[PDB]
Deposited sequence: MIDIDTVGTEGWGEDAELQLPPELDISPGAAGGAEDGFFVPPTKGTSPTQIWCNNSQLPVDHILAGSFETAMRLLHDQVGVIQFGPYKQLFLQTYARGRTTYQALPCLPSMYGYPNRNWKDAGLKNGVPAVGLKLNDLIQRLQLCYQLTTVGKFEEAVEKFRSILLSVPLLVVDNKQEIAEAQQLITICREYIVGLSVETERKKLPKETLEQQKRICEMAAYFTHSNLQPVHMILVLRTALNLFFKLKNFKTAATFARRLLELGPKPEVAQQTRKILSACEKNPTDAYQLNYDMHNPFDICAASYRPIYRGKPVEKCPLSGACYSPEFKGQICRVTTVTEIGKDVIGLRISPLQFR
């Protein structure tokens, strides 16, 4: 706090067409490490490099819609002089203080836009349109790494949202496969019940877990596995179903307790935590080896390491990655 270096006088250091300056889309890339900013910039290769190292994408085909529509919202356009090629504007999110070199592009997808879309996903699920719910869920899932987010709590929510989309996508995948399988053999019916029981350990909303417990309760009651069916009934009742289903469930329960015997040994452990292999639909019990999706948390039995995750449809099972990046916070 003297007079300073602000007071010291320093060293002063045809027709030629000028050369281009850096474009504002290149400024975006220099100043940002978030995939959505590079996509808005039109730099698809650098965007893909970022998604690859951070979140594990290798099959980018299923990203084409997101990428291209994102690209299209990146620049405004306005005409200067008549009959000459129009100008482009590059709206920045930090526009008040962006200047020449520090800009970084406006935010076009917010986390709550995605949280709102969860509702149409839930409705679609409730009414049974599983193929359309999975499609809508996966879109939310792949969209999360295109977010830009302010604080540590939104990074938390964005992760929970991914986990929600995963839970639904693999659960519904189990149910859709259970419905494609034949129900002729006894051994075939045993396999169906198993899958209905695995679905019971998906972490869904209570209104949906009531439906999957109802499904598991029928199949295990028809199998004559009454000891395990009874506990599905007791768990269904504790979620608080609507009155008609409580009554149908109470009648099935008091019939189970009048004969609390399981007819068959199934491969389903009630008192033992597991994850659902999202490719073969068999349980992986918490100690045993797993390879995971580096973005969603989908679990796979180890045979599948290196393959394309069935949930996200774009990631590499078991790849080691930096982790999701969707905020300036994460670059201290």
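Colleague: How would you write out the unmodelled ranges of the deposited sequence, numbered from 1?
Modeller: Model skips 1-9, 23-37 of the deposited chain.
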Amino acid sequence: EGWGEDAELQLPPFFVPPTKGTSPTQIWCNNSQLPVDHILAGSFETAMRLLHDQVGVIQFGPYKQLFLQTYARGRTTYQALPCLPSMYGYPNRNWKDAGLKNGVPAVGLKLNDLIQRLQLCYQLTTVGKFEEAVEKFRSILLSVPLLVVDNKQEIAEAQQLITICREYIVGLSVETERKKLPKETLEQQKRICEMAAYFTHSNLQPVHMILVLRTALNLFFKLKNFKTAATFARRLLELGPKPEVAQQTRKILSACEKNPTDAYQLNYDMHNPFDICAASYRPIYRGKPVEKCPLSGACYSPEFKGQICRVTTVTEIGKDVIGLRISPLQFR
From here on, numbers count along this sequence of modelled residues.
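Colleague: On mean Cα temperature factor in this entry, is 20-28 or 313-321 the higher one?
Modeller: If you average the C-alpha B-factors of 20-28 and of 313-321, the larger mean comes out for 313-321.
Colleague: According to the deposited model, is the average Cα temperature factor higher in 105-113 or in 252-260?
Modeller: On average, C-alpha B-factors are higher across 252-260.
Colleague: Based on what the PDB entry reports, which of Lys64, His52, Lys288, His38 has the top C-alpha B-factor?
Modeller: Most elevated C-alpha B-factor of the set, per the entry: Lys288.
Colleague: Return the residue from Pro182, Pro145, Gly74, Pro82 that has the highest Cα B-factor in the entry.
Modeller: The listed residue with the largest C-alpha B-factor is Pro182.
Colleague: Which third, lowest, middle or highest, does the C-alpha temperature factor of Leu186 belong to within its own chain?
Modeller: Ranked within chain, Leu186 CA B lands in the highest tercile.
Colleague: Sorting the chain's CA B-factors, does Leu223 end up in the lowest, middle or highest third?
Modeller: For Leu223, the deposited C-alpha B-factor lands in the highest third.
Colleague: Of the three thirds of its chain by CA temperature factor, lowest, middle or highest, which one includes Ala278?
Modeller: As the PDB entry reports it, the C-alpha B-factor of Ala278 lands in the middle third of its chain.
Colleague: If you rank the chain by CA B-factor, which third does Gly128 end up in: lowest, middle or highest?
Modeller: It falls in the bottom third of the chain.
Colleague: Consider only the C-alpha atoms of the modelled residues in this chain, order them by B-factor as the entry records it, and name the third containing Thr231: lowest, middle or highest.
Modeller: Highest third.
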